[PDB]
Protein chains: 2
Amino acid sequence: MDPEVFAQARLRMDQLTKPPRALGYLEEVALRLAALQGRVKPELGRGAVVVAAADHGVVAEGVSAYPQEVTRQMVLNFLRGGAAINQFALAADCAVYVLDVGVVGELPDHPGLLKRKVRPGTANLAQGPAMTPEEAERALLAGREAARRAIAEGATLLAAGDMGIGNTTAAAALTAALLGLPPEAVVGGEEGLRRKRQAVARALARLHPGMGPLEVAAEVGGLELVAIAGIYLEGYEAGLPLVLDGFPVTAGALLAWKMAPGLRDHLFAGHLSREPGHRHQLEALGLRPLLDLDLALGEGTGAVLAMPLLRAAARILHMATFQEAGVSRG
Amino acid sequence: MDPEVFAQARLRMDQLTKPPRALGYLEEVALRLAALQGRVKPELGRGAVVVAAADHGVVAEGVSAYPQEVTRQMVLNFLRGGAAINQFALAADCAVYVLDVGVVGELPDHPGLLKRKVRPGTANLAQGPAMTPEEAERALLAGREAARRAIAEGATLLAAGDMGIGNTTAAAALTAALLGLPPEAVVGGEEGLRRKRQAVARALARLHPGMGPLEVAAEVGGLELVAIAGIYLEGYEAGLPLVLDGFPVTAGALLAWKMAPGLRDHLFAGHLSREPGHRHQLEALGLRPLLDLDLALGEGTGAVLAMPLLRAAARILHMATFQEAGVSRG
Ligand code: NA
């Protein structure tokens, strides 16, 4: 972040040809992008989304209506361009990458697939540690690797996506843990809800004060959630603007944040998911969602949908000032 | 609007590879787009926004902090690409056309400008009829002409924009007259507030039974507002998805709706303006705003920012179904 650029950008903003605060929330977004890129007139282009996929042992708790096999079937769907993320990406000038860090089952070699399976799904987080600290570290590096490939190929904006049946439970556990919240706050039918909350509570019961973020993630998180933390850390270190998607993706962002506080300066909330716990995550991060379309899919869809808005926000500072355009002021 | 397609699209949506209702409000948008185009798999591309500009005699009532000259100066800004609308259009693959139906002062010939000045601004709507029915007709037709060129040049979705100092007062008067609302509901320093409400009340007082929508608009509206109705009427007849911008633009759409009841089915609310009366207009139209960014600028900015969302929505139906992708269900 460039303090000087921000100040210069703030001055220009106050001189652009539009009434004060007429572009609402987008004005703040533009100023942040200016400081982030160190340019008074920021500019975004081709974007990229790295969808991290992995399975969860907690599916044994009956926390999902879908069979575990859906995770792998969806990854194939991604590679063939039939998922929602593929379609939104086409409409948002965003490249799509897929990362396998823990899907149950073999996947074929494919141009858009990065195969770094750490293990065939995590252990049941309700009965014990989802993974070992070493496996967590491997997932983290995998996420960083994927992100680095996206960046190397020209990504100017980076978002993360998630795919994993039952990852909302793991997301809830990681969130409740990192934000010191109760199950009921991160888990919003009746009996499935019962299983999810109890699953989260049991997982939290294994934790204790003084634990590092990655240690907590390895205990109650998911492999793709840790990989997502890696995706964001790599993007952050690259100096790129980062876009948040839904609940599971944001949980991964919270992990990255706890590992690097300054990362929050590069975060932009793409949307507000229907997932109740998403609100708490955003408030903790002090971020306002750009979109609110009652989305509840994940895959990085909400993040990708917001990219055009971020590009538009950056262009605001490209507007003419009253002096440049010869426009009279109040 | 094809009911058969709407039904077929609704069926495909329910079978796409994602949880039911997982894509929230965008699913309804997709279905409407499919029905409008008469294709289960709608496709959108280049968009266009026609920004109608004209001055208002009501500025004499002290209803704006900006001098009247700003309308003409902003039109020049549009032609030089320094306005917010130009920046947003760049990020949303949307052509920008400007239509002068009543700006005070001369403008240079320009390929992106349609010069159809009806008169140098309207008369003061608080003291008498803003324009004659004959002038309103010319403004309406100028709007159709500009929209037709946008369409002839390839627009697949159409939005209207407004530029006119003091037009929120004319928009309030027209809205109140068409919807039968009081000045208090449509109008939003306190002294300015008060004079705007009085201006609106005065205009309404001149109305009487037996007046056609065009006669009403001529009496209390603005030239660009009537032109905006023409833009939407032309887009409606061309069978295109139409996108609403802010308060003044939506006032123009209400006029078009009153002249053509079925036009409402082609409308999409781009965003929710900070202008108090905007929500009332959208409620009267029964439309849900896609964006809510606290924008209060106009120019068609909100509508243009929503175009990428409309394109994304159309692509949803291009996703693979469970059966097509070989994904198990739940
Ligand atoms: Na008079």
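What counts and what doesn't
Residues numbered from 1 in each chain as written, not as in the entry; some residues may be left out. Chains lettered and ligands numbered in written order. Heavy atoms only, no water. Axes fitted to C-alpha atoms, helices over the stretch in contact; angles between N-to-C directions. Helix = DSSP H or I, 4+ residues; strand = E, 2+ residues; numbered from the N terminus. Left-handed = near helix turned anticlockwise from the far one by under 90°. Contact = heavy atoms within 4.5 Å. Nonpolar A, V, L, I, M, F, W, Y, C, P; charged D, E, K, R; others polar. Salt bridge = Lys/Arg side-chain N within 4 Å of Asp/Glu carboxyl O. Buried < 20%, exposed > 50% of the residue type's maximum accessible area, 1.4 Å probe, protein only. Domains from an automatic or database assignment. Buried area = accessible area lost by both parts, 1.4 Å probe. Polar contact = N/O pair within 3.5 Å; in protein donor to acceptor, adjacent residues only side chain to side chain. Bend = angle between axes of the 7 residues up to and from the residue. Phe/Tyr/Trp six-rings, centres within 6.5 Å; stacked < 30°, edge-to-face > 60°. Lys NZ or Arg CZ within 6 Å of the ring centre and 35° of its normal. Pairing = 2+ DSSP bridges.

What am I meant to see in the packing of helix α6 (residues 167-178) of chain A against helix α9 (residues 213-220) of chain A here?
Helix packing for two helices is described by the angle between their axes and how far apart those axes are. All names here are of chain A. Running from N to C, α6 and α9 cross one another at 145°; their axes reach a closest spacing of 9 Å. Like other packed secondary-structure pairs, α6 and α9 cross with a definite hand, here right-handed. The residues of α9 that touch α6, namely those facing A170, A173, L174, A177 and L178, are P213, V216, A217 and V220. Here the contact of α6 with α9 is composed, by residue class, of nine nonpolar, no polar and no charged.

What is the right way to read the pattern of salt bridges from this model?
Once the charged atoms of two side chains with opposite charge are near each other, the side chains can pair. Taken as a whole and assessed by the stated rule, the structure comprises 35 salt bridges over all chains. Among the salt bridges present, the one from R39 of chain B reaches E43 of chain B, with a minimum N-O distance of 2.8 Å. Under the relative-accessibility criterion, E43 of chain B is labelled partly exposed at 40%. Of the charged contacts in the structure, one is a salt bridge between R274 of chain B and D294 of chain B, with a shortest N-O distance of 2.8 Å. A residue pair is termed long-range when its members are at least 10 positions apart, and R274 of chain B in the loop between β6 (267-269) and α12 (276-285) and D294 of chain B in the loop between α12 and α13 (301-316) qualify at 20 residues. Since its relative accessible area comes to 34%, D294 of chain B is described here as partly exposed. The network of salt bridges with shared partners includes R144, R148, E234 and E237 of chain A.

Any chance you could explain the domain arrangement of chain A here in plain terms?
The extent of an interface is frequently quoted as the accessible surface area lost upon association of the parts. Residue and element names in this part refer to chain A. Looking at the assigned domains, one finds that chain A contains domain 1 (1-43 + 312-330) and domain 2 (44-311). The C-alpha-based centres of domain 1 and domain 2 are spaced at 33 Å. Each partner contributes to the interface: domain 1 provides 13 residues, whereas domain 2 provides 17 residues. Both sides of the domain 1 and domain 2 interface together cover about 1200 Å² of buried area, and 62% of this is carbon and sulfur. Of all residues in domain 1, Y25, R32 and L36 bury the most surface against domain 2, accounting for 45% of the area lost on that side. Where domain 1 touches domain 2, the interface holds zero salt bridges. At the surface where domain 1 touches domain 2, the tally comes to twelve residue pairs in polar contact.

Is there a simple way to think about the interface of chain B and chain A in this case?
Listed as interface residues are 51 residues of chain B and, on the opposing side, 52 residues of chain A. With both sides pooled, the region where chain B packs onto chain A buries about 4100 Å², and carbon together with sulfur makes up 63% of that total. Of all residues in chain B, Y66, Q87 and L293 of chain B bury the most surface against chain A, accounting for 14% of the area lost on that side. The interface formed by chain B and chain A holds zero salt bridges in total. Of the residues assigned to the side of chain B that touches chain A, the class counts are 31 nonpolar, ten polar and ten charged.

Honestly, α13 of chain B in this entry has me stumped. Any pointers?
Residues spaced three or four apart along an α-helix face the same direction, because each turn holds 3.6 residues. Maximum bend of α13 of chain B: about 30°, positioned at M307 of chain B, with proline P308 of chain B one to four residues after it. A large share of α13 of chain B lies buried, amounting to 15 of its 16 residues.

Would you take a moment to explain the packing of aromatic side chains for this structure?
Ring pairs (aromatic) are described by centroid distance and by the angle formed between their planes. The tally for this structure, following the rule as stated, stands at zero aromatic pairs over all chains. Its guanidinium or amino end placed over the ring of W257 of chain A, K258 of chain A lies 4.5 Å from that ring's centre, counting from NZ or CZ.

Would you mind showing me how to read the sheet that holds strand β1 (residues 47-54) of chain A here?
Through backbone hydrogen bonds, the strands of a sheet pair up, either in parallel or in antiparallel fashion. Residue and element names in this part refer to chain A. Read from one edge of the open sheet, six strands run β3-β2-β1-β4-β5-β6, paired in parallel fashion. Looking along the sheet, the strands with just one partner apiece sit at the ends: β3 (113-115) and β6 (267-269). This sheet shows a mean twist of 25° between the axes of neighbouring strands, independent of strand direction. In this structure, strand β4 (residues 157-163) lies alongside strand β5 (residues 242-244), joined through two bridges in parallel fashion. Directly across from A159, in β5, lies its bridge partner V243.

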